[PDB]
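Chains as they are written, first to last, in the deposited numbering: chain e, 1 to 9, 40 to 58, 61 to 70; chain C, 24 to 59; chain U, 7 to 158; chain V, 26 to 193, 197 to 496; chain d, 1 to 232, 236 to 257.
No residue lacks a Cβ here, since even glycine has one placed at the ideal position from N, Cα and C.
Notes follow once the structure below has been shown.
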Amino acid sequence: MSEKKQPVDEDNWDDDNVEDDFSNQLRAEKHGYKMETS
Amino acid sequence: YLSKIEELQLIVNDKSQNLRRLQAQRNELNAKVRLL
Amino acid sequence: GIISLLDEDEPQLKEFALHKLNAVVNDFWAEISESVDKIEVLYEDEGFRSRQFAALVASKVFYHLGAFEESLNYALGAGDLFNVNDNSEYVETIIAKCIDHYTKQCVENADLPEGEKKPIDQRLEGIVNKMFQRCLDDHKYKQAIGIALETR
Amino acid sequence: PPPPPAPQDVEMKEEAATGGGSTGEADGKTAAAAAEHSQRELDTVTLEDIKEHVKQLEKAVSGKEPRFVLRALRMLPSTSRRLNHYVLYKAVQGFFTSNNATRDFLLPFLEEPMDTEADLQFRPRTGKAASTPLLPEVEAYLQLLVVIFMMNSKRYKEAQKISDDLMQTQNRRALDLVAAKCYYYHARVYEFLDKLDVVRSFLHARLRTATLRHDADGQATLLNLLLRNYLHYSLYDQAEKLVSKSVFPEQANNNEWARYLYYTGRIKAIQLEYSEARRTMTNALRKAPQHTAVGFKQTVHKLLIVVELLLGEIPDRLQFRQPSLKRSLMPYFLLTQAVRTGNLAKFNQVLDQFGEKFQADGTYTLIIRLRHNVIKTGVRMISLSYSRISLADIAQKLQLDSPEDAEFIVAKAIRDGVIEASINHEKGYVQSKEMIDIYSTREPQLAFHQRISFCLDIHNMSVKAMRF
Amino acid sequence: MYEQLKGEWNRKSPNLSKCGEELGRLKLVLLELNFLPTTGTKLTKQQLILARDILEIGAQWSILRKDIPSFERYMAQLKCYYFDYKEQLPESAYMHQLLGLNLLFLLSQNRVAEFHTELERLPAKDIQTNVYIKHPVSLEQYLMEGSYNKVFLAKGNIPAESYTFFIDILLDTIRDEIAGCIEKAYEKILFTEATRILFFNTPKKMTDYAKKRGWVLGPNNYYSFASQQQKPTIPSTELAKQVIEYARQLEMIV
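Structure, rendered in structure tokens:
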């Protein structure tokens, strides 16, 4: 039931929660360019 | 009203007497299984 | 916040606080529950000559919070205008518990030979002999002998 | 004229059960509650809330309410002939001409089952006669010639409060069960126009009268009314629950208690709480009854886990997301993304982008501590990460620019008690540690008392439920 | 009508008890008038608009005489002045900073939820405007952000009609929260971190701290104690008694 006030109102989808958890890390060369940085 | 409400509700509490009826069923089952 | 307006140490601003009480006490049921202590201050003060009304709103707020033996204490402390009421919630439930204490007290003192009792506090017996006359002069004496059951 | 036979059928199926059957279930019954037709009738009220009720349009106008409210009489055993009258009046809608006799002519129609005869003695038939006509009138609030009549119909329901209070007998386990619903609709129709003012004292004294003599499903439901009253308007009398916490019934309706704990979770959320508020939000969350009502958990869940957003330890919440809620959580998805991100310009640009939906929430408590939540997310992550970090590393990794406010951060984090981390006091430069080898053996078996004592509590509860 | 109510209008303090003469006049206002049961007809509330005015000025008297029961008294009067059901009043003059007086007093006495009912009673005038409120609420964000130096950055400009006593109590809630938070779980501080977190380089008040909290004033050096934790050995028999009542509760039930 919803007898309240509220009546007023996998391809990547599976990997999507991790994607937004991956949305803060080098999304996808500077990794590999760091090789020649030193 | 003034002093006439509580024992009516006490007889209502004979659902506990119905609990005794349930335990009576129980001990019936047990006594007769033991008879077996 | 209606009790901080009481630094005037006479009853003459306690009366304005009570004129606020009997106006909006049901809205301010949240407010008096902290003020239980100063209602005690009003009951303890014999110079506070409105201590009848102190015990009145004391039994009111304790009827709200669900205190019942202290509702009995300050129900006896409420005075002579206490029993006379004809209201259908407050006064009849608390005189129900009060004369329930009267009959269990008369049972315990009927279980207590020759005195050494708890004496009649000075605001019992009111609706005993006043609603008893309702039962008598309503010309059916079954309550009039039911009290004789209940007192032993 | 072929569809109105379906209200003709369900109407008689309702008041057959209600009138005759629950009157026979009121005569001598109700050992605890043998009025099973009361719960049957609340099921049919949910059925009239699924469907159109009886006569909102139904291809005609105003057929059943002038019809069936006559002639109940409760007499000599040929009152099934008055039921035969009720049944064989149904040639009027199919064959004859329908005429308008609702919402205007109802004012003597309600007085007809009293002015026929001394019908019967019990109030659930009176609550029937003022509820089962008038609840089919409330859900059409188009505010033109319909809402003043909801107003007067629930003034007759205030007369039903009067005839609930002075009716001669535990008929409150029918009338409070109907009155929960209809007093919610009271609050609805009263607050479709303005805030309700003396209806507050109506509700107060109505809570008072249901105190001990009949304390069955009235106190908790009227307290939901009072709670949502104090919720929709200014917030002064939550100290009333802090001083008069009498909120514990049998928790009967099994969803009333759930949403009750939800509403008081919003209360403790807006008073101040993380822990107790999030655990009663969690208990109401897992005490969601079903999903048989479309998308009604969803907006209320958006406002439910605001405190879990305020924890900072929340991931994206997407498992709840109705796709019809997506176009409304276009702010809220990026808001929990702003919880996962530590950006400051995005922390205020989500606000600068969605302040109107944040006002639709209307909770400033989230943004008054959500920056502090961002810095506590930072301190939880990095203080769980490294043993002896420096305050400069985390500080100028999160743009603090000075040692002394990083000192105040670490100091108020010790004051908030997450990690041991102290300062190698010369100019800052934290000397600290993590905490493994804290304890692992006698400390579980401290909590295992609560584990298995909770288990044996539920054992005895299943015993007292096996009793039924 | 009733001219002499205004007898203390514009000079604000020649004494304490001439304000007591005004207190007797407001006592006669309580005899004759009694603002709360007065329902409507809003010309019997215009002398109550005057009462709102001169009792805002009486709240200014309450901060002038330092009386905190009188402060909470007249502040609960103002709280009731926004509470009586004729909300359609002339717009209150000291409205912006009576909320600020109450809020900064609350911030001084360390409350935990009346802060948020303050954030709920009038939220819409907090972010857009009202520096008497807009400055304390972001100031609270800065206080529990991690800066007791935003205190002095702010005290650059906060008299705000006698918040001076309350920001002195705010200095007090700096210093006794230093008395707590000076070594909660610290190694050790020295004279200079006392000089940074504390202020007023050395009075007899940080010396009073070192001789008042049970403190070891080390050689230009500080320690909470010689072990800082009072050294934190039988977890068995108390849980054996727990086993007694635990087996007991598993008994009597099936």
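Meets three-Cβ-pair contact criterion under 8 Å: the segment 146-165 of chain V and the segment 118-135 of chain V = With a cut-off of 8 Å, the segment 118-135 of chain V and the segment 146-165 of chain V count as touching, because enough Cβ pairs lie within range.
Chain-ordered residues of the segment 87-119 of chain d with a beta carbon less than 9 Å from chain V | Under the 9 Å Cβ criterion, the segment 87-119 of chain d contributes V112, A113, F115, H116, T117, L119.
Could you work out which residue in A85(V), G45(V), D190(V), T308(V) is closest to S123(V) when comparing CA atoms only?
-> Ranking the options by Cα distance to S123(V), first place goes to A85(V).
Give a yes or no on whether the C-beta atoms belonging to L55(d) and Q77(d) are separated by under 8 Å.
-> Contact check for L55(d) against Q77(d) passes: the beta carbons are separated by less than 8 Å.
When DSSP labels each residue in this structure, what does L300(V) get in the three-state scheme?
-> Coil.
Partners in chain C for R201(V), counting only beta-carbon separations shorter than 8 Å = Chain C residues near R201(V): none, gap ~12 Å exceeds 8 Å.
Taking C-beta pairs closer than 7 Å, name the residues in chain V that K38(C) reaches, listed in chain order.
-> Chain-order list of chain V residues neighbouring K38(C): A56, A57, by C-beta distance under 7 Å.
Anything in the segment 66-79 of chain d with a Cβ closer than 7 Å to a Cβ of chain U? List those residues in chain order, please.
-> Flagged, chain order: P69, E72, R73, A76, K79.
For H63(e), count neighbouring C-beta atoms within 10 Å of its own C-beta (all shown protein chains included) and say buried if the count is 16 or more, exposed if not.
-> Its Cβ having fewer than 16 others within 10 Å, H63(e) is exposed.
Does DSSP put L217(d) in a helix, in a strand, or in coil?
-> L217(d) carries a strand assignment under DSSP once its states are collapsed to helix, strand and coil.
At least 3 beta-carbon pairs within less than 8 Å: the segment 141-148 of chain V vs the segment 91-98 of chain V = Yes, the segment 141-148 of chain V touches the segment 91-98 of chain V.
Answer yes if the segment 411-418 of chain V comes into contact with the segment 349-360 of chain V, meaning at least three C-beta pairs across the two stretches below 8 Å, and no otherwise.
-> As far as the Cβ criterion goes, the segment 349-360 of chain V does not touch the segment 411-418 of chain V, which means the pair count is below three.
If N401(V) and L338(V) are in contact, beta carbons under 8 Å, what's the gap, nearest whole angstrom?
-> Rounded, the Cβ-Cβ distance is 6 Å, consistent with contact.
Under the three-state reduction of DSSP, which class applies to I45(U): helix, strand or coil?
-> Three-state result, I45(U): helix.
By the criterion of Cβ-Cβ separation under 9 Å, what are the contact partners of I256(d) in chain B?
-> Looking at the structure shown, chain B is missing, and the protein chains on hand are e, C, U, V and d.
Helix, strand or coil at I169(d) according to DSSP, with G and I counted as helix | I169(d) falls in the helix class under three-state DSSP.
State the CB to CB distance for the pair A56(V) and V35(C), rounded to an integer number of angstroms; the pair is presumed to be in contact (CB under 8 Å).
-> In this structure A56(V) touches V35(C) by the C-beta definition: roughly 7 Å separates them, less than 8 Å.
Of the residues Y258(V), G46(V), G152(V), the one placed nearest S229(V), counting alpha carbons only | Comparing Cα positions, the closest option is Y258(V).
From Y223(d) to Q58(U), what does the alpha carbon distance come to, in whole angstroms?
-> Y223(d) and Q58(U): Cα-Cα distance of roughly 60 Å.
How about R148(V) and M192(V): do their beta carbons lie closer than 8 Å?
-> Between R148(V) and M192(V), the C-beta spacing is below 8 Å.
Exposed or buried, what is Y467(V) when buried is set at 16 or more other beta-carbons lying within 10 Å of its beta-carbon?
-> Exposure of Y467(V) is indicated by the presence of fewer than 16 other C-beta atoms within 10 angstroms of its C-beta.
Taking Cβ to Cβ, would you say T164(d) is nearer than 8 Å to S108(d)?
-> No, Cβ-Cβ distance for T164(d) and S108(d) is not below 8 Å.
Exposed or buried, what is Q4(d) when buried is set at 16 or more other beta-carbons lying within 10 Å of its beta-carbon?
-> That one is exposed.
Using a Cβ-Cβ cut-off of less than 8 Å, list which residues of the segment 325-344 of chain V approach chain e; keep chain order.
-> Residues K325, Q326, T327, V328, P343, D344.
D433(V) and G180(d): beta carbons closer than 8 Å?
-> Contact: no.
Evaluate the contact criterion for the segment 274-285 of chain V versus the segment 79-92 of chain d: three or more CB pairs, one atom per stretch, below 8 Å.
-> Output reads no: the segment 79-92 of chain d does not touch the segment 274-285 of chain V.
Kindly indicate which residue of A185(d), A194(d), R111(d) has the alpha-carbon position closest to the one of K440(V).
-> The shortest CA-to-CA distance from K440(V) to any of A185(d), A194(d), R111(d) is the one to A185(d).
Proximal residues of chain U, C-beta to C-beta of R236(V) below 7 Å = Near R236(V) (Cβ distances below 7 Å), the residues of chain U are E95.
Reduced DSSP category for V458(V) - H, G, I as helix; E, B as strand; rest coil | The three-state reading of DSSP puts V458(V) in strand, counting E and B together.
Could you confirm whether any beta carbon from chain V is found closer than 8 Å to the beta carbon of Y186(d)?
-> So yes, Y186(d) belongs to the interface.
The segment 17-28 of chain U in contact with the segment 39-57 of chain C per 3-pair CB rule at 8 Å | Contact between the segment 17-28 of chain U and the segment 39-57 of chain C is not established, with fewer than three Cβ pairs separated by less than 8 Å.
Which residues in chain V sit within 8 Å of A23(U), going by Cβ to Cβ distance?
-> Correct list: empty, because the minimum Cβ distance to chain V is about 18 Å.
Pull up the DSSP beta-bridge partners for residue 233(d), would you.
-> Placed between 232 and 236 in the numbering, residue 233(d) has no coordinates, as chain d goes from one to the other without interruption by modelled residues.
Local conformation of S356(V) per DSSP, three classes | Correct three-state label for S356(V): helix.
Quick one: which chain V residues come within Cβ less than 8 Å of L45(C)?
-> Here the neighbours are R495.
Taking all protein chains shown into account, do 16 or more other C-beta atoms lie within 10 angstroms of the C-beta of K4(e), making it buried, or fewer, making it exposed?
-> Counting Cβ neighbours within 10 Å, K4(e) comes out buried, since at least 16 surround it.
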